[PDB]
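As structure tokens, one chain now follows by itself in the form deposited in one PDB entry.
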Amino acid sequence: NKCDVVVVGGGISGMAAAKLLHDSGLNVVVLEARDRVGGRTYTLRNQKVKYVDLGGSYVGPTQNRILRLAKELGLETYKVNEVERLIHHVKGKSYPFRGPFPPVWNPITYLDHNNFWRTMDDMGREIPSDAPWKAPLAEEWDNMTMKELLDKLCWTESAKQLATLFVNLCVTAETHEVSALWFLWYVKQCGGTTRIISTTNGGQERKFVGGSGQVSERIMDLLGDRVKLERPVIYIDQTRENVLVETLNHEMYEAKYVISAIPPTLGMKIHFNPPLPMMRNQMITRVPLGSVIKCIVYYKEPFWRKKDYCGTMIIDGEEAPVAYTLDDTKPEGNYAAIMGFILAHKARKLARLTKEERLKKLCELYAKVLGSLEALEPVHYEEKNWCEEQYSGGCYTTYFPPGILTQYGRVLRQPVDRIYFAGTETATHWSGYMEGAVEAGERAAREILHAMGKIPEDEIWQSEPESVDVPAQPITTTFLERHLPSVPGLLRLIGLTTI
């Protein structure tokens, strides 16, 4: 009934927030709408898979908060398989390679690819992580979709097709759906194109032994019966002395403060008294989540390793159900599996099919890409379509359509009286990830602690020690990469030796 802080939502952010508050001796209640904690992380367990992450899963270098927190909860990581060759499948052929970036031979194409990625990071450098609307050209970059930007920047179809896959993969949305400013912010705040795309030394280096769902499950264990499941919040009243929070089943909770730790658009499921301020009122109708089906096909053995393939497939073009895969085999080498994402419009389109129909399409795709009939012989299949989740709205995260981030960005984490905002969307380093979930949860908790006089303002935002288990190598660029001209820069140079 009465406590210090009600935390709305028990995903990683809500739980990290509750934990920090509880570790400070405050009385917290977590109101979780679902019959489970974890939210957009969700580890399934059964005999066939032992365990499998059907939601968020990968962690890696620079993601120190999720790594620290999981470690304290007694969790361990292992390295995603990347020993053997990666594959880029383009125009129906596979080209095996090594290193994070699919290589390119043609010198003109090479110059355009190089400049594309370089320019993403160049542009990124002008974008404050904590205030992207302050970039010098914020409006100009916000009033254009990623599709316009790629049209402008890519002088080859090849660079454009790969850049498109990259956007689709990073943010489970189409290039024409999303703002260029927001997309560029998003990548920059993960440390740039290399850090974000890499398995070794990047965001996909590792997974947790046993599944990421353990993070929220273990904090639930620690909080005992402070975590209330099947308590969807429907109503928040801030007109009186104490904040009142009512759940759908009719329970009523009183607190000094509230943490909203749910996706920004899911705030729409709460009726507010007094009404939200105008800007948040509209903000929450303007920030949708992406579309993805996570798909895991199981095999007797990891046969691809025998062909010197690690299981990483970068798959170009419209006909492919899945554009990207990673080896999902257990660290002991059993429950051999290929993980793949069905992205954006493909999530929407292929959802009309049955589970067995999608499994067939993936197997046939993988058999072609790996050149292996063994791909046609799955032993099991698990998949989750996150578009269908009432209390997620999609996955991995919230994207910003053109014009929104400069108009409404400021509002995202601005307190509304005694409501403070956690949730990975409000993070400034790896927002969209489990990492940002922890950052934003602990920052919101601390904001409340500051409101209560327990900590000074300087302690709201707090840095994090580098994980000793997963250290970060720095990101390096060669001299040519840095200085080779772009395609139009080459044209202008050829033009100059004619005049």
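All residue numbers are counted from 1 along the displayed sequence.
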Averaging only over Cα atoms, indicate whether 290 to 298 or 89 to 97 has the higher B-factor in the PDB entry. 89 to 97
Averaging only over Cα atoms, indicate whether 101 to 109 or 373 to 381 has the higher B-factor in the PDB entry. 101 to 109
For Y366, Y253, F400, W133, the deposited C-alpha B-factor is largest at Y253
Most elevated Cα B-factor in the entry, residues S463, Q63, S431, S57: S463
Would you mind ranking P232 by its C-alpha B-factor against the rest of the chain and naming the third, lowest, middle or highest? highest
Should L449 be placed in the lowest, middle or highest third of its chain by the C-alpha B factor in the entry? highest
Ranked against its chain, the third holding the CA B-factor of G74: highest
Where the record places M123 (Cα B-factor, split into thirds across the chain): middle
So where's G267 on the chain's Cα temperature factor ranking, which third? middle
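Beyond the structure shown, there is the form solved in complex with a small molecule, which is absent from this document and is the topic of what follows.
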Using a 4.5 Å heavy atom cut-off, which of 99 to 107, 279 to 287, 353 to 361, 404 to 412 contacts the small molecule in the bound PDB entry? 99 to 107
Tell me whether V297, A320 and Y366, taken together, all sit within 4.5 Å of the small molecule in the bound PDB entry, counting heavy atoms only. no
Residue contact check: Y309 to the small molecule in the bound PDB entry, 4.5 Å heavy atom: no
Against the small molecule in the bound PDB entry, would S179 count as a contact residue? Criterion: heavy atoms within 4.5 Å. no
Hey, in the bound PDB entry, is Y335 touching the small molecule, heavy atoms inside 4.5 Å? no
Quick one: does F341 come within 4.5 Å of the small molecule in the bound PDB entry, counting heavy atoms only? yes
Taking the small molecule in the bound PDB entry as the reference, which of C170, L370, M123, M220 has a non-hydrogen atom within 4.5 Å? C170
With the partner omitted here, the residue among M144, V209, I197, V90 that in the bound PDB entry has a heavy atom within 4.5 Å of the small molecule is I197
